[PDB]
Structure formats: C-alpha cells, structure tokens
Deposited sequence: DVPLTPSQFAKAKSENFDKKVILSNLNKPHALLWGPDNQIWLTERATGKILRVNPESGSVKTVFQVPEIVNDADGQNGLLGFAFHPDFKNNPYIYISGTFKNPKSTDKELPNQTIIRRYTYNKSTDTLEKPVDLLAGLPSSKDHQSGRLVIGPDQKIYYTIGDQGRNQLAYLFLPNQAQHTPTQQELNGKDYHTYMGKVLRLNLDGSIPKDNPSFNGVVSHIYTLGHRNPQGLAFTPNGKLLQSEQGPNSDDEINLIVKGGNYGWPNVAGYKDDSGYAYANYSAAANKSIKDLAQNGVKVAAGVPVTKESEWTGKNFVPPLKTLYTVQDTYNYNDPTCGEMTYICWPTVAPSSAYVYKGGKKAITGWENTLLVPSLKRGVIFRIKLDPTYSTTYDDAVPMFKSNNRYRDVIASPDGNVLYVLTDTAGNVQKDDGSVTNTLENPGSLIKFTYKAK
C-alpha cells in the first residue's frame, strides 16, 4: 500500500467511539486477552505480572508475577508469550514465553503454568521449550494455541543486521540441523513461526527444512508481533519490516516469508538486502536508507536476486515505496525513523463481532500501530483469503498502541498503550509525551 500522510492520520480520530481509560499505572503492558472467566487478563513485560481486570468495573488483581523475568530498560525482552488453553474449564493451563538468564546472556523459555482456581494463582510449572534465542531486539513472542491444539509462537530475528546487532548474520532464513536439533541447539529459531505440541516437542506433521522436521512452522520473518487465527482456521499475522514493508501475512505451513532478502513484495522497490555481517571491515556505517543507498563495503542483494524457495508474499504492506523515496524526512525533527513508510504493527487481532457487532466490521483484522498512534481496521473477504481496499486508521492519539481485543458482544474495544516512547503527533512531527502511558483504554 501507499503511505498515508500526516494529515490523513490526524483526521482518523474515530469520533464515533467513546474513549474511557480503565487502568493507568502500568509497567510496559504487552498483551491482553479475554479470559475464560469473562475478565480481561493482561501482562506487564518488564515485571512479568499477570493482571486480571474486571472489564465492567476496572478492578484489578495481580494473579501472578512470573519470577526471574529479565528486562533491559532499552530492550523488547521480558515476559512475552501469553495464552490460555482452549478448554480451560477442563484444562486450566496458561502458556507464556519469557526472557530468562542462561546459566550458559539470556535464553527464551516457553512455559506452561497450572491454574489453581481455589488459590487463584499459577502453580506446577513445566518448561515446554527452553534455550531459545534472546536479545533486546525484535523478540516477537506472540503465543497462540491453534485449532489443531498446537502452540503457535513467533520468535523475531533478534534484531540482527541493524542497530546494536548490525554485524550479526541474520538467521531468519536459517534452519536447524538434525545434529543441532538433537543437541537442543535452537540457534536457528530466529525469525520463525514455531509450531509445537503442548509438551514442547516437535509435531510429527511439521514442515521439513533441509530434510529436517523441527519446531519451525514457517520462516523468513523479521519481527512478527501479530498472530491470530480466523474463525475458519486461517492464520493471519502482522510483522514489522525495516524502513518499509510492515506486513499482514497469511501464515501457511512451510511458507518462507522472505526476510531478510525480501521486505514486502519481491519487487525491488524501496528495499535491498544489505548484509552488514559480510561487510569487509566492520567499521562501515549503516546509512539507514533501507539498502537502497549503501556505504561501500557492504554486500547488497536485490530481492529479485534472491535464490529462495517457497516465498510467500504479504496480503498487504504498510508501506511499499519506490527507490526515489526519501528516508530522511525533516518533518520528524530528529526521530527520522517515525517518518519512515511503516506503521510499526504491534499486534494482530481478528474481530469476531457479536450481538453488538460494529456495523461494517465483518471479517476485519485489527492492527494496532505503535509509532503512528492509530489502530488499523483491515477488512478481508468472508473466507479470509484476501484484503479488501486499504488499512483504515482509527483512534488517532499521541499514544503507542501495543495490543487490542474486543468484548464478546463486540461493541467495545480494549487496547494497551506503551508506558513510554516516541509517537507521531497530528503534524508530521514527533513527541515522547504520551497521552496515556501504560494504560488499558476502552473504546465503545
């Protein structure tokens, strides 16, 4: 898609909705879910707390706090995954993923907790899968259980080939060896959508890569923070691209999603793969022009020059631009990245409507934007095969939307907001003064 202008975003205030803050003092609220008790359960990434807010009153109780969660003030790590069991009534289990120190600097662990209604807390912990990659960047961590009862988990590319991890060789394309996988060497589990049994083991019907079946379901992802199933069993996803091509992808078994060789469509438009991990002298500066304009010494590969297999394109990109696009926009003062042709999707929620269904939102995908302070409504067709028209921005505000769910009746939306950060105001300029820090707000 084509970038919306600062003007277009500013006029997307969603006047037709009543805004109402439920919670205010929250420490990096990450994910929120509609609990099996008709209560909203959210998480705090830094602290590892699992709250339970009464959606009708706003009363909150700290159910449990995941112990030893590591969190870098400058990072995206901490308590990440968070899901319930499909049949909670009969199987009261909660699934999470978090950043924990690795005695042999950190690892990522997918852990199952056992819910005790009597004491109303989490007990009997079992590690489903550990030794997973960890860094301060692009951890992703969306954890959902599918219609097949499998754990679907997104694990980012750890931020390799950019910023702090500029010269680390991106492994979104890398797959494990039978020998490594046999030694629980999950170093390849970067930029992947994992699919695992409820005991952390490898599903026997998982896709094969290099003659090897592992926990990998799909590959070639950057920072896929959005992951949600549709009423008909399809897997929609939202992902963060580089200076461009944030995506809405349809996850399919064994599908290769191109990162880092391809950002968005394979069109050689506005992005080229500049591999800094192969640069001669590692002193070379990343010009931050999305690979379109690079410093001498860095091997650049056109997406069209990629010799990949099973490449699956996005259903939509926010946004795709041409090579003439200016990645240094003066409108964003110093924070030049906020003026990049992206929206920074923090999640992906599939709106199931209800007896109070918002009119015209049938088969829509809600995608919250961090940097743009909007929540996108992406309409798809009844079969969830394609998108109709564009991504319509909603609830414009000086806030960084982190997640979003809807009530059963489906007339009220609950969104989480970043405790702090940079967001684009009504003009093209930027600010770090967030209107609603670490909050759970409700739109009716």
### Summary
Per the record, the structure omits deposited positions 105-110, 451-454
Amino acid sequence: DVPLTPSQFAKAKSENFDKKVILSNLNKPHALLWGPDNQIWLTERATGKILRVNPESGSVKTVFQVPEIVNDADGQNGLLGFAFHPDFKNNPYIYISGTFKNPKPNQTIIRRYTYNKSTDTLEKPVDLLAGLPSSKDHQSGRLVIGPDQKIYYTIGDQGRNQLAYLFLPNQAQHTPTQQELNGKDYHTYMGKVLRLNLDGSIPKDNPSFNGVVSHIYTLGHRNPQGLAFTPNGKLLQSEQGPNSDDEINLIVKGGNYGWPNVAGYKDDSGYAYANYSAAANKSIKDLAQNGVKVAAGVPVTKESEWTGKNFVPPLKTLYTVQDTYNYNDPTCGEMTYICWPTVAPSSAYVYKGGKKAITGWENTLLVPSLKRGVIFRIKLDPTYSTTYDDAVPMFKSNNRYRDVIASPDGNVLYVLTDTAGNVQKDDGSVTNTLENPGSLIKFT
From here on, numbers count along this sequence of modelled residues.
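Here the rigid core means the biggest group of C-alpha atoms that line up within 1.5 Å when the two forms are laid on top of each other.
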### Message
I'd like to know which segment deviates more from the shown structure in 5 other deposited structures of this protein: 376-384 or 54-62, using C-alpha RMS over all structures and residues after a core fit.
### Response
54-62
### Task
Compare the mean C-alpha B-factor of 143-151 with that of 340-348 as given in the PDB entry, and name the stretch with the higher value.
143-151
### Task
Higher average CA B factor in the deposited record is what I'm after, so tell me if that's 287-295 or 107-115.
107-115
### Task
Tell me, please, which of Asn71, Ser135, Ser238, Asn310 has the highest C-alpha B factor according to the deposited entry?
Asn71
### Query
Of the options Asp268, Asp205, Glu247, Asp157, which has the highest CA B factor as deposited?
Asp205
### Message
Which third, lowest, middle or highest, does the C-alpha temperature factor of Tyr401 belong to within its own chain?
### Response
middle
## Note on the structure
For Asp390, the third of its chain by CA B-factor is the lowest
### Chain third (lowest, middle, highest) by recorded CA B-factor, residue given as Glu303
lowest
### Task
Could you say whether, by C-alpha temperature factor, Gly220 belongs to the lowest, middle or highest third of its chain?
lowest
### Chain-relative CA temperature factor third for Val212
highest
